[PDB]
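# below you'll find the sequence and an experimental structure to go with it.
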Amino acid sequence: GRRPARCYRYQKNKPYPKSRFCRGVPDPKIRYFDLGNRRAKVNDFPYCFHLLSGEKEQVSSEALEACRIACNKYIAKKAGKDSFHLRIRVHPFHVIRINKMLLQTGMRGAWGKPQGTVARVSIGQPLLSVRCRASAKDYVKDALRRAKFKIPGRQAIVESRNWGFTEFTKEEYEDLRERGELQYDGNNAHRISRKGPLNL
Amino acid sequence: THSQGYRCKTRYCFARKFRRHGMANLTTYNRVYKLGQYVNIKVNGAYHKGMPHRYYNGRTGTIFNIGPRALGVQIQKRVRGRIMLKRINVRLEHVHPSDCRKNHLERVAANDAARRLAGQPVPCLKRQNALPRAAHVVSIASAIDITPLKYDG
Amino acid sequence: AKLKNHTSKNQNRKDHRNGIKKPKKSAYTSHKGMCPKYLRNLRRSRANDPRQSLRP
RNA sequence: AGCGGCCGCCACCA
RNA sequence: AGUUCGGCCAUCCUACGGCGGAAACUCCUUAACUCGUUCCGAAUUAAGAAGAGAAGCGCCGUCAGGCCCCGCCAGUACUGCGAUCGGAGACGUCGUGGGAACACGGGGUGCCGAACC
RNA sequence: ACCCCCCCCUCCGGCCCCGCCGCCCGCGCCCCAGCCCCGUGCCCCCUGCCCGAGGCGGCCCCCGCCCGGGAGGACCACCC
RNA sequence: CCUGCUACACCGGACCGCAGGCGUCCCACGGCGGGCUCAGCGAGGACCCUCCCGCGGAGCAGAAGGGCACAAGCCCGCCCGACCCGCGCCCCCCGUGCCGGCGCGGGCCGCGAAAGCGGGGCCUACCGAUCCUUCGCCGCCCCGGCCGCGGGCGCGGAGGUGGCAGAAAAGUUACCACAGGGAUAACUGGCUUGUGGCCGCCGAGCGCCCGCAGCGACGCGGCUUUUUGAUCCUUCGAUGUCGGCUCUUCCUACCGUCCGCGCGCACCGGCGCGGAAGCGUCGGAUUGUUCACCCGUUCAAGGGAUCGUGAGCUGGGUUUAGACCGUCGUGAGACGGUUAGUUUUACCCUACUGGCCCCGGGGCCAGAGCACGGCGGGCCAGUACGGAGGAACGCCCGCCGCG
RNA sequence: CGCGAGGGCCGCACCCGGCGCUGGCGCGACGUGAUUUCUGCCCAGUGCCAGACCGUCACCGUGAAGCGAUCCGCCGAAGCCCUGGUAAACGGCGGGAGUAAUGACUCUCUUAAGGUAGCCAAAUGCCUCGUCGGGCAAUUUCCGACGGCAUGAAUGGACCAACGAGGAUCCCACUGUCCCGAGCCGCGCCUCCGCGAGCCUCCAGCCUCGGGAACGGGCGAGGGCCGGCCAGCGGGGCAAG
RNA sequence: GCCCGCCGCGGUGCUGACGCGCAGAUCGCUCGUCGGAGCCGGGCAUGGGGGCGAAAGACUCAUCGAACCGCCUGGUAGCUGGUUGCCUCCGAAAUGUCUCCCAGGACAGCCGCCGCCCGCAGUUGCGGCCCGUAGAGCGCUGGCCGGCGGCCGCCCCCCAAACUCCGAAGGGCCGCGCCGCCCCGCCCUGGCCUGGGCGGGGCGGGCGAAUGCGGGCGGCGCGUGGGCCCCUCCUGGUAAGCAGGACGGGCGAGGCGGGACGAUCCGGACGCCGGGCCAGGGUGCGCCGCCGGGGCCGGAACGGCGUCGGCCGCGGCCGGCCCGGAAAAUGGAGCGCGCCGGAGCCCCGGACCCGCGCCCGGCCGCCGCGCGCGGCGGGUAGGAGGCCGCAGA
Ligand SMILES: [K+]
Ligand SMILES: [K+]
Ligand SMILES: [K+]
Ligand SMILES: [K+]
Ligand SMILES: [K+]
Ligand SMILES: [K+]
Ligand SMILES: [K+]
Ligand SMILES: [K+]
Ligand SMILES: [K+]
Ligand SMILES: [K+]
Ligand SMILES: [K+]
Ligand SMILES: [K+]
Ligand SMILES: [K+]
Ligand SMILES: [K+]
Ligand SMILES: [K+]
Ligand SMILES: [K+]
Ligand SMILES: [K+]
Ligand SMILES: [K+]
Ligand SMILES: [K+]
Ligand SMILES: [K+]
Ligand SMILES: [K+]
Ligand SMILES: [K+]
Ligand SMILES: [K+]
Ligand SMILES: [K+]
Ligand SMILES: [K+]
Ligand SMILES: [K+]
Ligand SMILES: [K+]
Ligand SMILES: [K+]
Ligand SMILES: [K+]
Ligand SMILES: [K+]
Ligand SMILES: [K+]
Ligand SMILES: [K+]
Ligand SMILES: [K+]
Ligand SMILES: [K+]
Ligand SMILES: [K+]
Ligand SMILES: [K+]
Ligand SMILES: [K+]
Ligand SMILES: [K+]
Ligand SMILES: [K+]
Ligand SMILES: [K+]
Ligand SMILES: [K+]
Ligand SMILES: [K+]
Ligand SMILES: [K+]
Ligand SMILES: [K+]
Ligand SMILES: [K+]
Ligand SMILES: [K+]
Ligand SMILES: [K+]
Ligand SMILES: [K+]
Ligand SMILES: [K+]
Ligand SMILES: [K+]
Ligand SMILES: [K+]
Ligand SMILES: [K+]
Ligand SMILES: [K+]
Ligand SMILES: [K+]
Ligand SMILES: [K+]
Ligand SMILES: [K+]
Ligand SMILES: [K+]
Ligand SMILES: [K+]
Ligand SMILES: [K+]
Ligand SMILES: [K+]
Ligand SMILES: [K+]
Ligand SMILES: [K+]
Ligand SMILES: [K+]
Ligand SMILES: [Mg+2]
Ligand SMILES: [Mg+2]
Ligand SMILES: [Mg+2]
Ligand SMILES: [Mg+2]
Ligand SMILES: [Mg+2]
Ligand SMILES: [Mg+2]
Ligand SMILES: [Mg+2]
Ligand SMILES: [Mg+2]
Ligand SMILES: [Mg+2]
Ligand SMILES: [Mg+2]
Ligand SMILES: [Mg+2]
Ligand SMILES: [Mg+2]
Ligand SMILES: [Mg+2]
Ligand SMILES: [Mg+2]
Ligand SMILES: [Mg+2]
Ligand SMILES: [Mg+2]
Ligand SMILES: [Mg+2]
Ligand SMILES: [Mg+2]
Ligand SMILES: [Mg+2]
Ligand SMILES: [Mg+2]
Ligand SMILES: [Mg+2]
Ligand SMILES: [Mg+2]
Ligand SMILES: [Mg+2]
Ligand SMILES: [Mg+2]
Ligand SMILES: [Mg+2]
Ligand SMILES: [Mg+2]
Ligand SMILES: [Mg+2]
Ligand SMILES: [Mg+2]
Ligand SMILES: [Mg+2]
Ligand SMILES: [Mg+2]
Ligand SMILES: [Mg+2]
Ligand SMILES: [Mg+2]
Ligand SMILES: [Mg+2]
Ligand SMILES: [Mg+2]
Ligand SMILES: [Mg+2]
Ligand SMILES: [Mg+2]
C-alpha cells in the first residue's frame, strides 16, 4: 500500500501543508509525542540524551511511529515506566503527492493527490530526546540505538550538558538553585523576574 | 502571468506602511512645484484618483506641466532597445520633491564661496576618489597577542 | 505536435547590439499636453514684445 | 416578427 | 504661565495613583427670543455670572505595558564573483567581496512657529 | 570437489632423420646468494673507427605427370 | 477578460501548472451636505432597554487581494455630473486597434453658509470592425431648368459576430484514396524503474522452555531489466509484424546429481547455508495460444541471443476485399462472437561445411579441437541405530541417455 | 400494396415511346423463403392513408386613401394544422420491498405496451475454462441437461425425412502422420562439345568492445589474415522487389 | 430440374509443380455436374453517372466504388526532389504581436548596402529615492505537542507557495557645470506695489570625480520566425539522455592541442612561411616528454581484534587507505601491454614535452595614414565589390 521510502527521501518541493488549499489528507500514523512520565517535576530528571540528525531529508510518519514504539518499549523494561520522559521532537506537517497509474493519460494533467505526510529535518537537528533519573542512565543509549535502525540515513547519539529539558547546564543550574535566583515552573526552570511592577 | 489587469501584482507595493494609514498630512498640498523640477513617484495606496501605473513607482522624472490639480511628469522608459520619453498626469499624493541634484548645488555654491575667500592660493576643488594612505608611525608599546582557538563541540 | 512557447534568451543581446538609443532632443520640449491656458498666454506675450514679435 | 387562439401555421443579407 | 490657529504625527499613547489654578481655558446657571432632539436643552442653538478646583487640562510619580536610541547577539545566519576542491548522492569546503534578525542587557519618555493676555 | 588444466583421442603450418648427391655467414661461456652483502659500491663503452685461422654455432639447395582399375570419388584429389 | 500564488525584493517571464472568478445586479444599492459610529466583551434591568471600554476584530452587490472612523460605513434633507461640444495621455503594445481608466479647454446644472466636490455604484474584471439596416440633429446634392414627393450624402448612437482583430456549413468509408511526415502513434533497441521480480540490515514476536534450528511484524537500505507502464532519441522513397516446429550457443538468482558445514540431525526421511553451470530437466489429454490445468514416468530449476530463428518451414491466431448473429446507429455504417480467404527472388560478397592450384620414404610437435554422466540389482544386512521400521565405505553385476 | 384504360408504373431535350399482339386466373411494386406446427402484446414516436374546412397559407382579382409611385384592407387552391384508421409499415415489448432454503402471495412506483408460445453459455453469455452429468488414464474441445451483459415469433419462432467439393466431436478399418528412419527407380543438378541471357551495384567486403542519430565494413583500442577458385549453404550484408 | 460414369461444361484440395514461367493465371493428380434454370456456333439489340447484373460493387476488349481517345492543360500545390565559374569585403535568426493560425505568412527585432550631416559608454566612484526575496520570527491570518496556577494567566515542543512586526546579498531609476548679483521690457494669476512664464542689458567670475574613446540621422532591401547544450536558479513527475521557464556563455555558423574514443567539456578562436616562448593535459613501452623529497598502501544501510594515525576518560568514541555487503546472458577491455617499499593515491620543489595561441623577422590582401609607415584577416543562411571563361554584332 506504500511506495518504498526512497521515492520521497529528499527535500525537493517547497513545503506543502494541509490547509484550505490542500484537502483530503489521510491521518498521520503518529499521534503521541510525549511518552514516559511527563508530569514529573524539573528537579527529578537531571540527565538528558539526544539523537541528532546527520542529513537534510524527510522522515515519514510511518517511520516516526516505528521509532517511538521501539525506544519506549525498551526503557519501560530495564528501568520501569516512570524513570524517564521521552519526547519526539519533529512533527509531520508536509504532504507528499502521488500521480496514480490505472483511460491512462501519463504526463497530461499529472498533478497528484495527497498520499501521506513527512517531517522535514535538517543537519544536526534533534529527532528524539530523553530526560531520566540515575536509575535509567545506563539503558537510554540502548533504546536510542533501537530507534536509529528505523530512520533513513546517518544519525548520531549524544549526551548533553544541560539539565533535563531545561536550558541551563548542570553546573549552571546547580549554582542558580544554590543561591535562590532561579524560578520554577512545573517541569521547567526560569530566572528571577527583575522587571515590572514591584509587587502589587 | 495569465492575467494582466491594471493593478495586477500589487499586493505589497500599494499597501500602506505599518502604523501609517489614513489621510496624508497637509504638506502634500502646501508644497510649491515649478517647471523643470525633479520629482520622485511613490504611489499612496489610499488615494485612487490620478494614481500612476505600478511601472512608475520608484522612478525619477521632471515636471513639464503644472495643472490645476495634477502635475505632468516626464519619465525615460526603456523599451526593448530604445529609450522612450513618456508623459503622465499624476495627482499630488503620489509626488514628492526630489533631491537628486541636492549634492551638486551644495558643491557649486561651495566652490564659488571658497574662491571669494582667496589661503591666498586657490584650493583644489575637484572631487577626489579616495587615495591610498600616506606614511605614518604607530606605537606598539602595548600589543595584544592572539592565536587560533581549539574546536569546541 | 508541440513546439516551444516562449523564451527571452537572446533578446538582451539583440537589444544591445546597436547601442541603447535615446529619444530626440526636441521631444523633451514638445508642447503636446501642456495647459492650453498657458500656451495661449505664451503666444500673446511674445507677439507684443518688439524684441520677439515677428509680425510684418 | 407575422397573423390567430403558453399553443398552432408561416417568414429570415448586419 | 496661559488661550486661539498650525508644522512634524506616541521620546507625544494607554492604565492607576497624586499635586495645582491670580489670569486664562473649563466645569457650571437658565428656557423669553433663535434653532433643535427616530423621545429627551443628553447633544445642539440662544441667554447669562451664584458656585468650584471634583473632573477635563497643565505638572509629578511607577523594579508600570507600549513607543524611541545605543550596545550586544555576530564577522554567526544568509549571499555576489571564482575553483579539474571533497562526496554515490543529499549536502558541505576553500579564495575574494557584502553582511542580518530574534533574543539579551542598559538609557530615555515632545519639540519647533505666528498672534494676543 | 560432476567444476578447471594435462593425457588418451581428431586436424595439423613448420621441422627433423634417412636415401640420390655442392654453397655461404658469425667469432662472445663460471655458478649462486641479498636479515653475510665475504669485503663489493665494477667492467664494457671502436662493428671498422681497421676487425677477417681451426674448433664451436648458423644458412641455402635436393626429389614429375598423362594413362587404366579401385577398398577412393560432384569435378578434382586419394590408394594401387 | 479578472485576483492571489508559481516568480528567485525594478520591469518582464512557460505549461491540458495550483486555489478561484466574469457575460450580471442597482433611479438607488447613484451626486452632494449635515449629523452619527460599527463588531463585540464585561456589568445591569417585569414575564428589547442602559452604562462603560471599544485601531475596526463590522460594513462597503457578487472572486481574490488592497483601501477606509467627526469616513469610503449608518441615518436624514435636497437632487440627477448615470449631462452637452472639442482634445490629450496611461495600461496591453509592433509603442496599431478594442475594453477600461486618468488629465484638461468651453457650455449647462445639482448640493453646500461657504471653501469645495460631482462625466455613476472605493480601486484592480463585467465586452465588439468593414458592408447593410434603423433612428436623431443641422444642412447640402439629384449634373439642360424650376416646384412637390422620394432617394443619396457629411456627424452620432442602436441591431453582432463568446472560435471574442469578427467564413454562412452534418455524417460515413472494412471499396478507396493524393501530397507528404520518423516535426507523430501501432512493433526492436535506448534512458528511467513507479509496478513486477530478487537480496540485505534491525529484532516486536512465534517456536513446551528458548529473539536468531527454522521463522520474523512495524520500519529502513539496495540491485536487476526475463513483467507492465512512463517517454518519443533512431526508422514512414517499408528493418516482413504471434506462436509452434527445427537447430546452436550463452547467463546463474542451483531444482536432481558432486564436495564441505549446521539442525528442534537416533536410523530412515526432511530442512537451512557456502563452493560448484559438467550431465540431466521427459511422454501425453483440452486450448492458435505464451500461460495455465490434469494424467503418467528415473517425479521433472529459472532465463538471454532484433520479445534468437518466415529468400528455413508452417499459417492455427491476429491483420484487406465475401458472409452470418447480438447490442448500438434515422441511415450509410460501428464494436463482442463466427465461417471462407495467392506466404514472391540467391548465380554476387562475406561466414560456414567439405574440395583443388603436380614434388621421395619414415617420423616429431607449435597452434586449434575434445566426451562418460545418470539410475538400479547382489553381497555387506534385516545388520549399525531404535518397538514400528531401517542405513553406509568398498568390490562385483546390469540398465538408460549420449558418443 | 396500387390500378377498370380519360387509368396505373416507367422512359424521354422536344416531337414522341415501353409494359401492350396486354385487361384483375392480368400487369406492376415489395417482404418472407419447401413441408409439418405456429405466428402473442403496443397506433404514444416516425411513415402512410381518408374526411372536415378551424387557424395559417400565393399570384391573380377587388375596396378605401393618394399628384403618382405606392401604402393599407378584403377574398382565399393544394399543403400543413385538426378528426379518425393502420404493425406479414419501420420499430418496441419493467422497477423496488417483504411473504409458506425457495416464494404461490401481498403492498408499491410506473409504460404506448411491459416479451406470450417456444428455444439456449447456441455461428447469439460479458462474467466464463459457468454448474451438473456422459465419454477419456487424463478434455479451455464435444454431446445432454439447467437458466438470457444483449434469445424470441413472415427482423419470421420451433421441429424436420431427403440432399451438400459447407462448419464441428467421436468409433471401426487403414496406413512412413509419427516413434526413427532405411534402401531403390527415372529426370534435373554435376563434368564435357555447341549456344548463351536477367536482377542488382556510393566505394568496399574478417572480428570483439567503446563512443556515436542510443545495434558500424570504415572512426578510437585490441585480436586475426599469402593470393586465386569449385560443389554446397542460407547467419549477416538493417540483401532485392 | 432421380443416381453411378465418358466427351463436354466447371474449378474443390494438395495451401503439390511453376513463380528471372511453357504462360501478364499455366501444368499434374484429385474433385462438381452430365436430359436440365444443360452446353456450343453465327446473326442481331442495349453506350458511360449510361448499359447490363440468380446481387460479388460484379462485368462493360489484360482498364471499372464510374471505360477508352484527343483537347481545355505547361490545370493548382502553404508540400517532396534538383537548381551549373573564381577571389575579396561584411554577416544573422530560431524571439514579441495578430492571423480557419499551429509544416505558411504580415508587422517589429537582428544584418547588408547606399548614403547624408556636426561630446560618447552593457564600467567604477560619489550623492538622492525605490523593492519585500534568502535568512529570521510567531505580533497578524491559520496550523500544532504538553506542563504548572487560579473559562482565564504564565511557561513550552514544532510549522506555512497562496502568514509577515523585521530584513540582506542583489538589482533598478535620476544627478555630477555654468553660477551669482543689480536692473529693464512683454502678457494668464493675486488685496496690492503679488506671482509665474518668455526675453533683453550692465556687471563679477569660471571649466569643478576616474578610466577609455569621435558622434548622430535617414532610405531601400534580404534571410530568419522547428533550435539545442553547459553553469547557476526553479516548476510538474518515482524517475528519465522526460517535459516546461530565468541571467550569462557556447554549438548552430568556430579550424588547432588535450579529455583513448564524442557538434557543445579543459585550453586557445583561424592569411602564407622561418625562428623563439609556452596554455590546457601530461612524462615505464606502444607514443613526443622526469627527476629529487615527506607520508600512506559505478555504489547504500550496515558489519571488520586488516594496517597507520588521533581525541576523551582496560574501556568509549573517531579519521586515512583498504576487506565484506557487490548477481546476466557472443570472448574483452582502469585505451593496450603491463606495474605493485610502483609504472598506484595525497602533498612539496626543480625541469621537460607542444595549439602559427603569444613574441620577433619576411611576403600577400584589406582598412587607415604627419604619405615616413601602422593595425588587422574564421564563417552557415543572407548581402556587396573586382574579375575568369563561352557564342554572336
Ligand atoms: K539508520
Ligand atoms: K512595455
Ligand atoms: K481639575
Ligand atoms: K573445458
Ligand atoms: K578419456
Ligand atoms: K513596441
Ligand atoms: K480592462
Ligand atoms: K469638461
Ligand atoms: K458595423
Ligand atoms: K448608421
Ligand atoms: K507521397
Ligand atoms: K510533418
Ligand atoms: K523531422
Ligand atoms: K527530430
Ligand atoms: K535502474
Ligand atoms: K519516434
Ligand atoms: K518510438
Ligand atoms: K516505418
Ligand atoms: K532502411
Ligand atoms: K548443478
Ligand atoms: K475455400
Ligand atoms: K550404453
Ligand atoms: K542410447
Ligand atoms: K546410442
Ligand atoms: K413485411
Ligand atoms: K417470392
Ligand atoms: K414455418
Ligand atoms: K405507433
Ligand atoms: K393512431
Ligand atoms: K401512428
Ligand atoms: K422467455
Ligand atoms: K449443448
Ligand atoms: K428482438
Ligand atoms: K423423405
Ligand atoms: K449444398
Ligand atoms: K449450392
Ligand atoms: K458444398
Ligand atoms: K535415406
Ligand atoms: K553507446
Ligand atoms: K556499438
Ligand atoms: K553503418
Ligand atoms: K543488422
Ligand atoms: K467429367
Ligand atoms: K513437392
Ligand atoms: K490452369
Ligand atoms: K446422371
Ligand atoms: K450498349
Ligand atoms: K460511367
Ligand atoms: K470517362
Ligand atoms: K490526351
Ligand atoms: K476541348
Ligand atoms: K495543394
Ligand atoms: K501538395
Ligand atoms: K524529383
Ligand atoms: K479549416
Ligand atoms: K505563427
Ligand atoms: K502551412
Ligand atoms: K519574411
Ligand atoms: K501565529
Ligand atoms: K508519474
Ligand atoms: K559562436
Ligand atoms: K580503521
Ligand atoms: K578498451
Ligand atoms: Mg518539484
Ligand atoms: Mg539598440
Ligand atoms: Mg470609477
Ligand atoms: Mg481571434
Ligand atoms: Mg463490399
Ligand atoms: Mg522522433
Ligand atoms: Mg523496481
Ligand atoms: Mg517524434
Ligand atoms: Mg525489405
Ligand atoms: Mg532482413
Ligand atoms: Mg523475435
Ligand atoms: Mg533469415
Ligand atoms: Mg516467408
Ligand atoms: Mg473480412
Ligand atoms: Mg592441446
Ligand atoms: Mg431471407
Ligand atoms: Mg408479428
Ligand atoms: Mg433477431
Ligand atoms: Mg528404421
Ligand atoms: Mg555497411
Ligand atoms: Mg581504426
Ligand atoms: Mg543471407
Ligand atoms: Mg441429375
Ligand atoms: Mg450425378
Ligand atoms: Mg500452391
Ligand atoms: Mg486534368
Ligand atoms: Mg501538371
Ligand atoms: Mg567579421
Ligand atoms: Mg521557434
Ligand atoms: Mg478569422
Ligand atoms: Mg475567424
Ligand atoms: Mg530533450
Ligand atoms: Mg540550420
Ligand atoms: Mg583525438
Ligand atoms: Mg620514449
Ligand atoms: Mg573572410
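Cool, got the structure. Numbers count the residues shown, from 1 in each chain, chains lettered A, B, ... in the order given. Ligands and ions are numbered 1, 2, ... in the order given.
# what helix or strand is residue B:88 on?
Residue B:88 is part of strand B:82-91, with elements assigned from DSSP states H and E.
# any part of that strand near chain C?
Yes. For strand B:82-91 and chain C, the contact criterion (CB under 8 Å from any CB of the partner chain) is met by B:82, B:83, B:84, B:85, B:87, B:89. Every C-beta, even on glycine, is put in place using the N, C-alpha and C of the backbone.
# next, format those residues as CSV and append distance to ligand 65.
Below are the residues of strand B:82-91 next to chain C laid out as CSV (distance: CB to the ion, whole Å):
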residue, distance to ligand 65
B:82, 6
B:83, 10
B:84, 13
B:85, 16
B:87, 23
B:89, 30
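# picking that back up, check which strands are paired with the next helix or strand after the strand holding residue B:88 and give the direction for each one.
Using DSSP H and E, the helix or strand that follows strand B:82-91 in sequence is strand B:95-97. According to DSSP bridges, strand B:95-97 forms sheet pairs with strand B:38-41 (antiparallel).
# what's the following helix or strand after the partner strand?
With DSSP H and E, the next secondary element past strand B:38-41 is strand B:60-66.
# quick check: angle from that next one to strand B:82-91?
60 degrees (axes from the mean of the first three to the mean of the last three CA atoms, to 10 degrees).
# what parts of chain C come near ligand 65?
Selection of chain C residues close to ligand 65 by CB under 5 Å from the ion yields residue C:18.
# closest residue of chain A to chain C?
Across chain A, the shortest distance to chain C (CB to the nearest CB) belongs to residue A:108, at 11.4 Å.
# for that residue, helix, strand, or coil?
Recorded secondary structure, residue A:108: coil (DSSP: H, G, I helix; E, B strand; the rest coil).
# ok, now how distant is it from residue A:54?
Applying CB to CB, to the nearest Å, the value for residue A:108 to residue A:54 is 40 Å.
# tell me, how many neighbours does the closest residue to residue C:34 other than its chain neighbours end up with?
Distances taken as CB to CB, 6 or more residues apart in numbering or on different chains put residue B:65 closest to residue C:34, at 4.9 Å, once the chain neighbours are dropped. Neighbourhood size, residue B:65 [other CB atoms under 10 Å in any protein chain shown]: 17.
# give the contact list for residue B:65.
Neighbouring residues of residue B:65 by CB atoms under 8 Å, 6 or more residues apart in numbering or on different chains: B:71, B:72, B:89, C:33, C:34, C:35, C:38.
# now the second one. Nearest residue, chain neighbours left out?
Nearest non-adjacent residue to residue B:72, counting by CB to CB, 6+ apart: residue B:65, 3.0 Å away.
# ok, the third one next?
Leaving aside its chain neighbours, residue B:89 sits nearest to residue B:70 (4.8 Å; criterion: CB to CB, 6+ apart).
# tell me what that neighbour is bridged to.
residue B:91.
# okay, now it: neighbour count?
Using other CB under 10 Å: residue B:70 sits among 17 other residues.
# that one against residue B:93, yeah?
No. Using CB atoms under 8 Å, residue B:70 is not in contact with residue B:93; the gap is 10.4 Å.
# how close does residue C:43 get to residue C:36?
Distance from residue C:43 to residue C:36, by CB to CB: 11 Å.
# tell me which residues of the helix or strand harbouring residue A:118 come out buried.
Here residue A:118 is covered by strand A:113-121, with elements defined by DSSP H and E. For strand A:113-121, burial by neighbour count (16 or more other CB atoms under 10 Å in any protein chain shown) applies to A:114, A:115, A:116, A:117, A:118, A:119, A:120, A:121.
# and stretch C:17-36, by the same measure?
The neighbour-count check on stretch C:17-36 (16+ other CB under 10 Å) flags residue C:34 as buried.
# output that stretch as CSV - backbone C-alpha positions only.
C-alpha atoms of stretch C:17-36 as CSV (Å, rounded to 0.1, in the frame of the first residue of the first chain):
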residue,chain,number,x,y,z
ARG,C,17,23.9,45.5,-30.5
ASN,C,18,23.2,48.9,-31.9
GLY,C,19,23.5,50.7,-28.5
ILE,C,20,20.5,51.7,-26.5
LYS,C,21,19.1,54.6,-28.4
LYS,C,22,18.0,57.9,-26.8
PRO,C,23,14.9,60.0,-27.6
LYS,C,24,15.2,63.0,-29.9
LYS,C,25,16.4,66.2,-28.2
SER,C,26,13.3,68.0,-29.3
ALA,C,27,10.9,65.6,-27.6
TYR,C,28,11.8,67.0,-24.2
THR,C,29,10.3,70.3,-25.1
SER,C,30,7.2,69.3,-27.1
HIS,C,31,4.2,71.5,-26.3
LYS,C,32,1.9,68.4,-26.6
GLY,C,33,-0.1,68.0,-23.4
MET,C,34,0.7,71.3,-21.7
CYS,C,35,-2.2,73.5,-20.4
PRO,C,36,-3.9,75.4,-23.3
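# which outside residues touch it?
Residues contacting stretch C:17-36 (CB under 8 Å, 6+ apart): B:64-67, B:72, B:74, B:76, B:78, B:81-85, B:87, B:89, C:39.
# could you do stretch A:108-124 as well?
Contacts to stretch A:108-124, defined as CB under 8 Å, 6+ apart, come from residues A:2, A:8, A:11, A:15, A:18, A:22-26, A:28, A:52-62, A:64, A:90-100, A:127.
# among the residues you listed, which ones are buried?
Judged by 16+ other CB under 10 Å, buried ones among the contacts of stretch A:108-124: A:8, A:28, A:53, A:55, A:57-62, A:64, A:90, A:92, A:94-97, A:127.
# what is the neighbour count of residue 108?
I went with chain A, as the question did not name one. Residue A:108 is flanked by 6 other residues according to other CB under 10 Å.
# ah, no, chain B please
11.
# got it, and residue A:30?
By the criterion of other CB under 10 Å, residue A:30 has 21 neighbours.
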